[PDB]
Amino acid sequence: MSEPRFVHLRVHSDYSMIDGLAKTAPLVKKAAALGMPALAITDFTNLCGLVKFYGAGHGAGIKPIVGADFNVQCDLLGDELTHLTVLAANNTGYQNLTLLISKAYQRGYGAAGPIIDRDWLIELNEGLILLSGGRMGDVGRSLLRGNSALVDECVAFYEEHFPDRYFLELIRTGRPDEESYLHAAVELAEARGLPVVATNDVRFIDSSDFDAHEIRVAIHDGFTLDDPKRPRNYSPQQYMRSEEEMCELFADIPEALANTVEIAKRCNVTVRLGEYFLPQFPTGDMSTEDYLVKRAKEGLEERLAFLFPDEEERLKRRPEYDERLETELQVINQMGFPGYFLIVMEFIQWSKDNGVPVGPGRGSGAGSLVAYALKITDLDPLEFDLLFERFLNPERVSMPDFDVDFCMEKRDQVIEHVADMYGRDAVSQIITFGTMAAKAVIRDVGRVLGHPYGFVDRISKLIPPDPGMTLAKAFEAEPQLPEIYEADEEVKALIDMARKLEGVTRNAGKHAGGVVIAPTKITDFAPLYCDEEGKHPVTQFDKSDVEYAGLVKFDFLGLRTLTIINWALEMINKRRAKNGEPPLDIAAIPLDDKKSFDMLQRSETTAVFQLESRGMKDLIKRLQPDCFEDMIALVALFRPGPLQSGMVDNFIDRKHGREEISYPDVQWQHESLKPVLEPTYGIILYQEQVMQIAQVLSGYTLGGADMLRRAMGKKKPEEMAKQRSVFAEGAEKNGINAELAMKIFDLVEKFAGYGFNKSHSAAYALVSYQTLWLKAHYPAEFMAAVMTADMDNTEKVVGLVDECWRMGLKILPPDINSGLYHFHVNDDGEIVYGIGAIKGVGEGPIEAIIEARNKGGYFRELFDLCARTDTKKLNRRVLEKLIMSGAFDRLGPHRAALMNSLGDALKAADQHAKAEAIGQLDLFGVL
Amino acid sequence: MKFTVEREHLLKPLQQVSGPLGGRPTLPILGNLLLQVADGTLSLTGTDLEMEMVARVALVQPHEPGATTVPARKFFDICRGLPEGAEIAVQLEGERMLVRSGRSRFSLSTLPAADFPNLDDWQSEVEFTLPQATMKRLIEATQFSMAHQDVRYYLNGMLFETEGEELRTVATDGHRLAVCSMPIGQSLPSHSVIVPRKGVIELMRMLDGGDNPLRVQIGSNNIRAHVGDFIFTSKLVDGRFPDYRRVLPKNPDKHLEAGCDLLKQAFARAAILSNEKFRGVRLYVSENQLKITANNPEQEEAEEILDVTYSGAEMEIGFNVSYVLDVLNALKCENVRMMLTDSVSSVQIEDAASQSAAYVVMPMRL
Amino acid sequence: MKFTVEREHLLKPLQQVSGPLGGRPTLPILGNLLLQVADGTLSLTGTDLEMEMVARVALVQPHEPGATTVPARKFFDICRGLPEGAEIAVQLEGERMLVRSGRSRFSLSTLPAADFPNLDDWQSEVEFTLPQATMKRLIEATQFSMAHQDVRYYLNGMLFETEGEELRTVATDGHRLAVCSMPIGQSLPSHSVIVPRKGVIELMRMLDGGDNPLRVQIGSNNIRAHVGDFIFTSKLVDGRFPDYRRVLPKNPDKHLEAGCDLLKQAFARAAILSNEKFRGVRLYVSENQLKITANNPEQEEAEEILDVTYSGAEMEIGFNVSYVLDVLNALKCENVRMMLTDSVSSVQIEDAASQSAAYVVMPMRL
Amino acid sequence: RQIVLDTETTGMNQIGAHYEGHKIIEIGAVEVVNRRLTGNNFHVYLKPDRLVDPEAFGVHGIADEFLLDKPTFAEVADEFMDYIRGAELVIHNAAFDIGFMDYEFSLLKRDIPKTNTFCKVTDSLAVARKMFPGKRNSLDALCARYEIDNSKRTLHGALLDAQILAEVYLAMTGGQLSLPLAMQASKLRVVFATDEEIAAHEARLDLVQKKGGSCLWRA
DNA sequence: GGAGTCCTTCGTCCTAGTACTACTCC
DNA sequence: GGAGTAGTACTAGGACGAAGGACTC
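Residues numbered from 1 in each chain as written, not as in the entry; some residues may be left out. Chains lettered and ligands numbered in written order. Heavy atoms only, no water.

Method of determination, as annotated in the archive: cryo-EM, at 7.30 Å resolution.

As for the overall build of chain B
Applicable threshold: Helix numbers and strand numbers start at the N terminus; a helix is a DSSP run of H or I with at least 4 residues, a strand a run of E with at least 2. Exposure classes here rest on a 1.4 Å probe applied to the protein chains alone. A residue is buried below 20% of its type maximum, exposed above 50%, and partly exposed in between. The contact rule is simple, with two residues in contact once any of their heavy atoms fall within 4.5 Å. Only four residue types enter the tally: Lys and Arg on the positive side, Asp and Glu on the negative side; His and the chain ends are excluded. Every charge is mapped to an atom, namely NZ of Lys, CZ of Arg, CG of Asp or CD of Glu.
Along chain B, the regular secondary structure elements total 7 helices and 25 strands. In terms of its C-alpha atoms, chain B occupies a principal-axis envelope of roughly 80 × 50 × 35 Å. Taking all 366 residues of chain B together, 53% fall into the buried category. A separation of at least 24 residues holds for 65% of the contacts in chain B among residues at least 6 apart in sequence. Averaging the positions of the 37 positive and the 48 negative side-chain charges in chain B gives two centres separated by 5 Å.

Re helix α40 (residues 897-918) of chain A
All names here are of chain A. Basically, it comes down to this: What a helix should span is 1.5 Å times the count of its residues minus one. We define the bend at each residue as the angle formed by axes fitted to the 7 residues ending at it and the 7 residues starting at it.
With 22 residues, α40 extends 32 Å from end C-alpha to end C-alpha; this agrees with the ideal 32 Å at 1.5 Å per step. The largest bend in α40 amounts to roughly 40° and is located at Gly903. Listed as buried for α40 are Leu898, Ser901, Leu902, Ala905, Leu906, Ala908, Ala909, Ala915 and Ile918. On its buried side, α40 packs onto α38 (862-868) and α39 (876-885).

A look at the protein's contact with DNA strand E
Counted only if it meets this: For this purpose, a residue is taken to be near a molecule or strand whenever a single non-hydrogen atom of the residue falls within 4 Å of it. Pairs of N or O atoms are called polar contacts if they sit within 3.5 Å, as long as, within protein, a hydrogen donor faces a hydrogen acceptor (for residues adjacent in sequence, only side-chain-to-side-chain pairs).
Close to DNA strand E lie 13 residues, the nearest being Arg447, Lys510, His511 and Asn875 of chain A together with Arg205 of chain B. Of all DNA strand E atoms lying within 4 Å of any protein atom, the proportion belonging to sugar or phosphate reaches 100%. In this structure, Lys510 of chain A approaches DNA strand E through a main-chain N or O atom, which is 2.8 Å from a sugar or linking oxygen. Side-chain polar atom of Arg205 of chain B to a phosphate oxygen of DNA strand E: 2.3 Å apart, as the coordinates give it.

A closer look at the protein's contact with DNA strand F
Residues and elements named next belong to chain A. Residues in close proximity to DNA strand F total 14 residues, the closest being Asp403, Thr435, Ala437, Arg443 and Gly840. Each atom of DNA strand F within 4 Å of the protein was assigned to sugar, phosphate or base; sugar and phosphate come to 100%. One of the side-chain N or O atoms of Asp403 is found 2.5 Å from a sugar or linking oxygen in DNA strand F. Taking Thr435, its side chain carries an N or O atom lying 2.7 Å from a phosphate oxygen of DNA strand F. Of all the secondary-structure elements, those providing two or more residues to the surface near DNA strand F are α17 (438-448) and α22 (543-548). Considering each element in turn, the surface near DNA strand F owes the most residues, 4 residues, to α17.

Considering the interface of chain C and chain B
For an interface, size is often stated in terms of accessible area lost upon the parts coming together. Selection rule: Each of two parts loses accessible area, computed with a 1.4 Å probe, when they are put together; buried area is these two losses added. Salt bridge criterion: a side-chain nitrogen from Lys or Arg within 4 Å of a carboxyl oxygen from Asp or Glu.
Taken together, the contact pairs 28 residues of chain C with 27 residues of chain B. Surface buried jointly by chain C and chain B totals about 2,700 Å² across both partners, of which 51% is contributed by carbon and sulfur atoms. When the buried surface of chain C facing chain B is broken down by residue, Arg103, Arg269 and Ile272 of chain C rank first, second and third, together holding 23% of it. Between chain C and chain B we count 4 salt bridges in total. The closest approach of N and O atoms between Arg105 of chain B and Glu303 of chain C, which form a salt bridge, is 3.9 Å. Counting across the chain C and chain B interface gives 16 residue pairs in polar contact. Counting residues per element, the ones that place at least two in the side of chain C that touches chain B are α2 (72-81), β8 (104-109), α6 (260-271) and β18 (301-307) of chain C.

Examining the packing of aromatic side chains
The following threshold applies: Aromatic rings from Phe, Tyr and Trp, with only the six-membered ring used for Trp, were paired whenever their centres fell within 6.5 Å, and each pair was classed as stacked if the ring planes differed by under 30 degrees, edge-to-face if by over 60, and tilted otherwise. Two conditions define a charge sitting above a ring: the NZ of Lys or the CZ of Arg must be within 6 Å of the ring centre, and it must be within 35 degrees of the ring normal.
Within this structure, the stated rule accounts for 39 aromatic pairs over all chains. The interplanar angle of 75° and the centroid separation of 5.3 Å between the aromatic rings of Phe651 of chain A and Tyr681 of chain A together place this pair among those described as edge-to-face. Of this pair, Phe651 of chain A sits in helix α28 (residues 647-655) while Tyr681 of chain A sits in the loop between α29 (674-677) and α30 (687-696), and the two are 30 residues apart along the sequence. Note on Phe651 of chain A: relative accessible area 1%, which makes it buried. The rings of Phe42, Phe73, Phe80, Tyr83, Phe105 and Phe118 of chain D are connected pair by pair, giving a single aromatic cluster. For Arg172 of chain A, the ring lying beneath its charged end belongs to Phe250 of chain A, and the centroid distance is 5.8 Å. The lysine or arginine in question, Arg224 of chain C, covers the ring of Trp122 of chain C, its NZ or CZ lying 4.9 Å from the ring centre.

A few points about the sheet that holds strand β2 (residues 32-38) of chain B
All names here are of chain B. Note the cut-off: DSSP-based pairing: two strands are paired if at least 2 bridges between them are found. Note on method: axes are straight lines fitted to C-alpha atoms, helices fitted across the in-contact stretch only, with angles between N-to-C directions ranging 0 to 180 degrees.
One open sheet holds the 8 strands; their spatial order is β5-β2-β3-β4-β16-β15-β14-β9, and the pairing between them is antiparallel. What marks the edges here is a single partner per strand, and that holds for β5 (66-71) and β9 (126-131). In this sheet, adjacent strand axes meet at a mean angle of 20° when their direction is disregarded. Where strand β3 (residues 41-47) lies against strand β4 (residues 51-58), 7 bridges are found, and the strand directions are antiparallel. Paired with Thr47 across the strands is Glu52, a residue of β4. Lying on the sheet, helix α1 (residues 7-18) is in contact with β3, β4 and β16 (230-235); it crosses β4 at an angle near 175°. Contacting β4, β15 (222-227) and β16, helix α4 (residues 197-206) runs over the sheet at an angle of about 25° to β4.

This is the structure:
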């Protein structure tokens, strides 16, 4: 009628992962290029590209119609899995669909993926309209058997639960038994008075995409194209057929096309996106506001007694902090955040109560004195002129993101706390992905095309390391790519294929990157993904999408190294009773230690965080940083721009008096910029210096100052012109010369291009100083901890030892009997190998060994060892390495008698194990 | 080389010599046959370095001497498959040995005799002959107690103790020990020798039950056995064997006899409801009465009650049933006698009417 | 619930019912038997989830009806183990089955009847009797050609074809195919049902060869087979048995006759030196003569010359010796007739005395 | 009559043209007729026209100075052409040999079209890869797989591999063949969207149109 | 922009099932 | 000597552990 006579109601993107080929946007743009007004995307058990779908619908004037296709389990067909298409007509259906997906994953599944019981449609019912699944449906399969009674039993369920909302699916794609099914479906349709709908079961845009999709499937499944066992359920006719093509396919049943238009009108779901459903919580009978005010004033009292332990000084220095505190508090309260603050501060405190030092990341959160006051952060922001408005800007009415992270080791403990807090199902982890990037797609297509390991790896190692790498980029950057393409038929066939599959979605997404918090059940907002046992739920929307749909997130950051410090602190604080020393609080340290700076000026900063690069040690040597400010600077200094624009040499020279310091420039300086530019010797280095200069020189608000830095990033024509005027008359209003103000603005804007976030650098630099103090203040557990952290890396272990050696460290080989979990220092024995230090050995076997050593005494001999510990724990492979490492040297003086005796003794011991277990008294003496 | 021989002379030897040879040996020539013609004699030798087998067949038909080494398995299959009464003519021709019979003609690749490890000459130390039938008894009645793949390499075999005119046999796994000793009527040196499991398996195997004397020569580190023109040499195995007088129960005070078949059919039955891993039964014995109970984790249960001749106190003891079933099967007698000591020690069990053989099976902790 | 049966009434049933079991039966109740007592009728059950086996023994001694499901292997062995004329007394005590005989007592775990899977009732369409003997010969003679595990899972089994007065069986690998047609002595409606290999193995095992007729019923998706006291039920696999009329050789023009035993003996000998996997031996036929030759990878040659009845033109054809020995083993006769086409076609073989069976082994062209 | 061949040359170029600046040094070809090895070998050695590559030398041995007096491809051009014309050429690593073949053909300057126009060029490696996916399907691999010995052979060089290829060829194409097994006017219902459903539809399209600036349904 | 979290695929090792051979029973 | 059952050998399948390319802010 209006224009449209047909819309496609069966189409998947590559995000179905079991099938689909084209990405989401391209699918939508084709539909629109075809001049159709609507289009169903019915991916398999997910709505992963729904945000993209709705954004493309809006953009193109296209109405999105919501659906999915399924694998079902009904009692009528037994174990055979059949297909279902489920449409949500409204928001009742949307919620039913969200619950259905969740229910499938909660049940668990096999290699076939998650499956539903047909009778879950009893509960998951209202506002939904159904298609049979085609030839591969409940009804289709029963029809193809020709069991009319079975067919009648099956439909009867949908006549009960879905009157006028259950459809016959119609498919003419010329594939085996579609005509036999169609014959039987037409009989059924007339016999039962039923409505029918035609679709094209779309998997691709054009018939030439078929080959690529064939290979896509094969890659996922792990089978080869020409494997006879490989399912061939699909045809080249599964492309985006036009209106007219479908009109001719079904010119005998006009109502079938027309019923697509009708169904499309009935399908209207609103999911509102791009606007916050914020999380939150109460406390006492007190406001959330007032709870924060209280805990922050009183948290500030602890920090004030740490910072100024003379109470006279605390009183005189106090006003500054209270005024900063209330200024921040006013923005926080007037924007309506305090639930968020409270959750996170509780979380940080709870992890301190339990044995968890807290993960280093804060985004630019070091700009918040409130974060610091609440023990969210670790650094005094007023000491280093750190700015809250970089982190939450009051003059901007938008996203707060406070971007909180934590240490890996303790993730399950935190997941647990937040399930106790909110409800396990009201909390969710968020998907991150797999798509098929350049190296992967090469290797995967290569194996499918039957190559040996060596052939394909010879190709993939020529694809550059870089994160964003594509085949097109690879071929321009690396001359060997064009060359092997033209010289090798196997490489040509491979890259032709890889070109069609470049960037394509590969499968289920690894875990989270960070974990999300709803105010109710997470399923109130989206369906999730869960593991093989339907556990560990993760959201089907990724990080950007899930938060754009309104929910706050909590990151993993496993800069793990916290674990090192933690372990080294435990080991140091044991040395308490040995010589009555108080336990150490890394947060309580002095910032000026000379041993620390001596070692740093010597460039011996391996395992000192971010300063481990050879280049960065070269820079430290030239720079000779002698104060904490310089340590904050090292991350800002180690960048290609600043070094190779003369800025690094200026900075180094102005630091040592070999170039005079100006505020900021020789000509264009003013002494009012000195407090802002002091820490950097008159060089404009930081984003927050930009902001301080606008406040002090030209009377900007801190939030208007942050808006200028943002505008300097974008570099737009009109934009600047206005701020350039505000900046002129603001300086004029403070009596500062206009030409000086503008000439300094030009320098600010030049250096704003490189300008790094000081609050983000400082939060991380604190952790570097911690690793620096710890290293020097005791190069003695630290080393052990370094090695523990990077147990995996053989190269680094070797490096670390060479560092030990050079230091006057060093260093003993293992002992199975005496060793602790990892490296340990007896007083005299500077160092003993950890057990975990052995390369091949798993964690389980290391514990096994030590466990046996615990229950028994120290292991006396080879034999003694074998008898106590079965082969399950310590494999022969394992045992071999142990001897070769020399953990055994004490027992087996000859590295080689015991090697020969191994196998026999192992078997002997077990024969012994089984004798113990059974059964049984033995006979004679012994050997 | 050229000769012709009669299927019938060669068939039983071929079976004797092939049958222990492992499908795929570690050193290929171990799968090949040493063939030697000298005089009117073909000597066949199959070995695995542990045991050595020589067979002779007299050549009445035209011949030319020489030696070769051909694949054992395939040669034996060829000869087994030959037609009834076949007189086969074989000839060395270049690098192939040609095998003829009737109109069938075969051609096998060949390794030279010179490549084959000639194992060592030794001088005989103790010498004797005995009926084939005694030897077979001695071995059959006892072989079931050996280990499989024991670290105590001297258990993987059978201990022979020779003193005066008696030979005694023993093999054991530390849970049961099995003895038979019988008078052989020849004065021997005093010496004990442990022969390897596979050696004893094959010696038993070739003991055609019949008339032929069996004559054996032992050296210090090898043993040789003659029956007819099958001539056997093996190395011996060394270790310092444990004392059978500590394994024999000291003075078993309590005595129990019962009908062997009834006993055995009942234990076969109790065995079915024993745990597969432990093979456990519990024995309750009281004056003139005997009770078997077993169990499994599945809590399936068996009970037998039987009347036995028993004088002594009640006693409770559990065993691994496999260990006793194995002795009851080897014991091919009608009546059995048990002489018991206590729950923590050896038990004596024996043919009520013979005492040539001795069995102790160790009890279990259930 | 109680019954009393004599061991000897239960023995052959029990043995037969225990055959289908070994699958590591995963659904635990499959390791057990279904006992149904109702009336004075004890029913026996063996199932492998795909088929079902029923036996009745009459109960002459005191009984009480009811049902339970006891562990199969273990119960079979207990009963097989008991002496002849043993009084077996079964009785349900709540959640356990008690078995008493004499002085022995057993208490077994019991799972309820209602957990045991039941395959559905169906209705009969074709019904017939025949001597066991005929079904025995039929299966034994041809079973060797069935696939074990193939992609074409329907060939894990056999075409049953009834038509007029003929029973006609055929089975195939996709390499060789065996065919038999027999008169069955009753007018039969046309039906086809495809029974799994395990099915035919079990059917083989239930034939004692005796004179009780076998009577089978065939439904839409099932079959039931009655011999004497036992009743067999299996369900069928979906369909599409490929067309045997297509594979038949189209006028094999050469006629070749030779003694089955001689022929089989020569194949066995020649086979020792063929390709280990595919058993390739080569055949040269000429007037009155047959030369067999084969290759093995090590360049060795086994070769037979033989006296062969043959009229026709000279041609060469070699194929897999294992398959041809299998047919010579199924050919329980002195002489063979081979009818040929060429080196690249399917083949016909018959016994010179029975056209009852038809065989095809394919060539390889080397 | 079918021809088994693999032609060994003065080493290979891995990069660019694998045939550029290279020429033929040895031809080792075995003749197979009716799947029997006749022994009618054309096995010849050629003019290098260049240096033998150090790698090629180690592969099967052949010295440069040995192929100097030997005749050129021009002296056996028609000889070799008639030997392979109208027959089966299945070769290992076809890109290599074909590259050389057509190269020599163009060098004759007799406008003789490429070998693939009068001879059947088939790669054996492709077929083996198809048959045994994920297994090494090189000639030596398949040789060992079908129990063919290429180690205890007096024949060294091209003739070795030609022989082996012939055996492999026959093995794959003799493995075993198949039992070719069997291979109007009516009702039904139109479901009209109700007034409620129409209103939801209208509201949904309103959103599309108001926010995005078009509605294709009303265009 | 770097590194860690992420799984998945490749290689190795052990365990379980199936087949064949050899011994004991019929 | 042949048939039936046990024992041994070989094959098949699954799990574990070390490696690698990738997508997170």
